[PDB]
Amino acid sequence: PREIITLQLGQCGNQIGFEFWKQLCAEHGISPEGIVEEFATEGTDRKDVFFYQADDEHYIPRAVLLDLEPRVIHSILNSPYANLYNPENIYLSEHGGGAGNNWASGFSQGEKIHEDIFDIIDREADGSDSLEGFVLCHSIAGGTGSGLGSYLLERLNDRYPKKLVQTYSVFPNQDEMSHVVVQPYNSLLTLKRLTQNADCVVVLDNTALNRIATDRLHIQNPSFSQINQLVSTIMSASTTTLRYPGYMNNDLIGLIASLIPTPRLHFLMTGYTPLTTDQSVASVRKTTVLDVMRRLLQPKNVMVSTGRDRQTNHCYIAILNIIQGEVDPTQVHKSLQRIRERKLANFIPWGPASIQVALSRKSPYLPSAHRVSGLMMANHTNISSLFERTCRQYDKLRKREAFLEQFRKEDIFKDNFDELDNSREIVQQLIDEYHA
Amino acid sequence: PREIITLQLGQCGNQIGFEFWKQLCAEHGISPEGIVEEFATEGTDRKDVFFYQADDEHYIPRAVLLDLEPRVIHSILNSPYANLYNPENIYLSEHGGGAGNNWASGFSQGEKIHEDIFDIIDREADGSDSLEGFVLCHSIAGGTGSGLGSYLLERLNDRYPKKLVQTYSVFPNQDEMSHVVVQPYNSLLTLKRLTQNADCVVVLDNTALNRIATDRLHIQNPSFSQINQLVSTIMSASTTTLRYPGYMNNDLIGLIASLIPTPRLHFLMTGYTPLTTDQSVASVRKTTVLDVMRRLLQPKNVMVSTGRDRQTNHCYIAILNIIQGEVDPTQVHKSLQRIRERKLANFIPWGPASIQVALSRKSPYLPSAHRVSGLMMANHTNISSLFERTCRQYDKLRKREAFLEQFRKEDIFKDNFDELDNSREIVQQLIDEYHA
Amino acid sequence: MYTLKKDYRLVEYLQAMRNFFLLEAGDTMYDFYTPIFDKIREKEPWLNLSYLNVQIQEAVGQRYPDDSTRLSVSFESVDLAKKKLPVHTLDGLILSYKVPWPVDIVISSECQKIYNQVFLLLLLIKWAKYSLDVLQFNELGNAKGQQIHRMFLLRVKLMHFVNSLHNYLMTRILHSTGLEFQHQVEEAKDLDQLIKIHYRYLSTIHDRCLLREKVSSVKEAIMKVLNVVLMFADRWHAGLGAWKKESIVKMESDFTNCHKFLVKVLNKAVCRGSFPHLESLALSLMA
Amino acid sequence: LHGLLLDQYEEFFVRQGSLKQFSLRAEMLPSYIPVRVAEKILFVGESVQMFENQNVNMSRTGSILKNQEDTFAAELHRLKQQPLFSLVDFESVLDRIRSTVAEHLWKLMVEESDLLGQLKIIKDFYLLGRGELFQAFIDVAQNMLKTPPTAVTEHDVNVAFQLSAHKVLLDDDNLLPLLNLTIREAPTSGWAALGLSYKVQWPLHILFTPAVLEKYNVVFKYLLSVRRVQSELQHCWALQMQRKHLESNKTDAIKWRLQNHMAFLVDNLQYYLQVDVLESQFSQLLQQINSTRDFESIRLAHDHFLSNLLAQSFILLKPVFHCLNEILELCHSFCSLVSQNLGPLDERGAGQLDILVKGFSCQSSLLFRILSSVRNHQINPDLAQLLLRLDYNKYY
């Protein structure tokens, strides 16, 4: 089994992982307490490589939902999904915590529910006989999800360090600063852990998110409850090599390893094209495969903020372009030929880059049976642009004298302020030294 | 791959390019944000030649829209042709400036936004490897397009002279004299840069339109807005062996090559006969090929003023006669015998001349492809009448003494005024010397 | 074709031996492989026949497909015939399938004998690709000095070469042949035409995989690059000290020198006709 | 009917000498049947023989779907035991087996292979009706046809044509490799030596036999050459676009009076040829195919089509053709005279000038001997109207 145990943590990290499971139930066509169709084995050929294997003809996800506020998990028992999950082997109903908005609460709460936090992942791993890893779906948004998630990057990198560590971080909207004020602190605190307590991550941003939500989803005002729709689908899109047949890189640690050349450059930008429902009327005339990877190499679907004058002094190094559903697997070699003549992907000025192309067959569902799907998993060397945005609001904040002694009460009593600042400066420099 | 970048500039200069592009979508048989029929590709066998080559199924313009007044492009922001442009790339929405009603306002704003004006047109050239050139869709009218446009006539000439430079100079309206009064001044400074830092100009007279607008359309008082209709049609008319693939002179530097013997004698008089809508209820039974190109030697098809008593004192050197649509192609070689035989123009007898006839198919839309169209792109040597007409209006202003220190407080601290009377008699005599 | 489709399920049998040893299957042959491959990585005897016969028993029970769980019980492909020369030549797996009559007239031994040697070349690049995959995932084999950043310049040049040669070349040679082959089954009238489009199936597969049953420059192109990976991985499966890392970037300058040398032979092979090697030559431009 | 060619010792006057070979034997043809009557039996009977191959539902006579073959059997009964043999009775019913039958294969190949599509399309590849989409070629091919052909150049010109029409977006991707250009050898230079292959399909192969694809290639190689000297006079023009390139030397003025003579030259001489080759030769096929349900009237009109192209563009056998290809060679050196940067202020700039002003009046006089013969009455009138039209077009 290539069972990955998801570590959903956080007020926002729970919800984006919640519709990740409901999506899998909508396309496998299942009841959340019974397997009522033959689409479970005809549609999908593995259904328990991320789920606990059938012993009642039913599938139980390999997810744990622990959080300081029991209120996000109490909203799972008002939906028919609290018998898809179980009452202690997924989540403990009424597991309290802090206030919680402090990072230093959640960091100390992993150090005293320390016994139970590594029994819940191993209660829910009694059929993993060869573990993939642990993916921490933990949000930076809120002090709840960033505090307890930063603890678990450390204890799972000292017992399972060669196994996958990979987080879906979402840095809260950096154009508010009177909604969240602890925002440069909780970001730089997890960012220290991504580079020496972790292998690879897949970063995201909220302020580059909502750009797309009004351009391809076309909502009237960004609010978190549509943001979770767009995230929950790219999480089921990235595992379509491991839940359906394949061979070359048919593991989730097969895809992600080949997007790393050097530590401190492994931050993957995510892009996903079929969010528009006006491409299902342009498939009666055929949407082609030639141009569906000419909008993946275009920067339009970018969920990580960055300049359009920082891609002329930087080039992409590794870019993976995943088609699902229709593809036509004889003209996919016709699709890559025209890439080099336009040059929509930049190539590193010290050797050839890499365009890895993949295809995968899927279960019947609407962007994998009527219309083309493109997942991008980019690797660009302009990723220091978020780190400069968070580090210039962190030292500015220290110039307003905020959280230098209103943060030293609970388990910070040394100078660790310059520890986040400098380790961020090693990252901002080492990327530029290895990129001309 | 002759991809042309348009420099639409000025208050009036945006307006004449606005309907240029709106005509092109109408002739490509596609909506302004998508491709809606299959008659677009089978009918039009090459749609992209100003447009950005396709990879999203819609062709997008290569247009830049600069003006000192942001009001002409905000009357475009809420107009539904903001998806045929871009409001963050193609046109900068809220681009400041003065009113402007100075040549030196705009000449000095291009001398501090000098890096950015040349990094908005080489980001519009990144879909062709080998560029055709730049077409300056700007006006000598007002001080905005005429003030700033003289800066672009020099700096795109010393970084790109190899490439085509060509302007459609739309002369200041001479019935205005109390709304614009810097009119003789800004017109002769932009014309001075046009005789040594430009390849071609295409002269267009505004007062000579309104002569034709009351004799073939018969509107009661021709007002600016019904004057932009007459330009945009003749613009799409000049490309008809460049867009639809010819076989002879299928580059734009092909046509212009035999319509310019020598620099500063390149000023083309434009004529277009199917302004009369009583040509159309006669070409529905066919109007012959034997008289559709005799009317391009008729001295009343002209949109520009020139002498009439200087048509027997001067000679034609190169005249191109584009007939379009229905043509009957086997008696077109019979008609060209018959031009010279009546003698409907004079032509030089000492050396090389050319009466070029060409023919082209039109739109797959028959209610605009069954009506004879005649485009003249003349070069007659009695064009020195226009330089006298502008100069008699220049020295008459310098004799009341205006703009001799009311114009030397911004970026002029020298006297180059008698350089402009002089450069005009230089031009008028070198044109007049060439024939004999 | 009425008894050869329902009475005996012929075409299901065709994709079934293709799931075995053309690698068309999912994580069936993948999870067979990585227990064996973790023993290779520490150079401990992995042959050890016995556990391997239980590893393909465990293979066909992954995905739960129900066209190879049913073949493990009766019509067994559980039996794997191993070749261990004492000449001293590497291990080589021979899987054979016992097929029903009269389907065994279409699939003879001579067929399965060439499906052996294409599985023999797919698995060998599975050993060079996942060695380069997993070591990148391991996050160094040793974790003056500080020679790693200058090393990471020429690792991902050969990490990406090998991977794309088995990713983008492979997926076209399994799909185009298999899709035009499924056509000639849909048309199929009778058995004698079926035996022929399967005899033309291997011949397509021959000309696809590696060209020739003799000297070609593309077999040289595999085994040269293979001697790069063998020298790379055996050094990186061991702790390295201070000056050892200095021989890695010294070896790797030579390794990229021999990589360029076999691209430039392969252009001579692309001007003497049309091949898949045109796609092979284009593959090396992308890497 | 059947397409049966019977022999047993071979004595038929039709004999086997795609669609197979068959031909007339003229000594085994009796001399009371005329030679022009022999080919009405040949050409119907061969074209029903290639449908005896593929399928009798397509058959030219019609014998499954239609009931004409029993009318042919009646035709046979009457003319089998006629005592007094005649010639009119033999030849009148050769109409009835042909004319009605001859529209039936025509309504087959319109809806089986295109008859409107393919014969303007195959000319857009040869007579060139896609100029910009082929300029992209001339740009890549200039830089690599300065070598004579050789073995590796066969693959280079192919991959070159592949990438040039492809980064442009040719409108159909599958249209792209149903041609390729086919160029050891040392004719002079790699230009005017490259050919062009095109593929062929069923029933089309008798209108497009592998014979006549050489007859399209031969006019192509003269025609790509006056696309070449034209695009170059357009680029040598671009080195002289401004006042900064207008040297005040008189050696520059004789350059500037030359380019007004020579880029105006090819804009008449090679325009009025080339356009008139195409326009009213495409006209006359389209007017026939729209109006005539008969096959052989279109067939021999398209044999007159291709021999008229390779005759207008190859003006008269020796003389005139040599005057013309020498003309485009001599202004191709007017390109190499302009391609100097700061040319005229140089000794070699004026040195090179002096040779070419000779090479030019060797052509104005050579063209002048043609005009005396053009004055002389009835050489070929359409040759003289064309050559004088481009000349009064250099004057007026």
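Counting starts with 1 at the first residue shown.
Cβ atoms are placed via backbone N, Cα and C, with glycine included.
These features come from Swiss-Prot:
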- A:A141, A:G142, A:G143, A:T144, A:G145, A:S146, A:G147: GTP binding site (BINDING)
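Listed in chain order, the extra residues whose Cβ falls within 8 Å of the Cβ center of the GTP site residues A:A141, A:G142, A:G143, A:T144, A:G145, A:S146, A:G147 are A:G10, A:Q11, A:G100, A:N101, A:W103, A:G106, A:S139, A:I140, A:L148, A:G149, A:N186. Each of the binding-site residues A:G142, A:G143, A:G145, A:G147 was scored by how many other Cβ atoms lie within 10 Å of its Cβ, and the smallest score goes to A:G142. When secondary structure is read from DSSP and collapsed to three states, A:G145 (GTP binding site) falls in the helix class. A:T144 (GTP binding site) counts 31 other C-beta atoms within 10 Å of its own C-beta, drawing on all protein chains shown. In sequence order, A:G10, A:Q11, A:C12, A:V170, A:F171, A:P172, A:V180, A:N206 are the residues near A:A141 (GTP binding site), counting only same-chain partners six or more apart with C-beta under 8 A. Under a cutoff of 8 A between CB atoms, and with a sequence separation of 6+ in the same chain, the neighbours of A:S146 (GTP binding site) are A:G10, A:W103, A:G106, A:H138, A:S139, A:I140, A:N186, A:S187, A:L189, A:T190.
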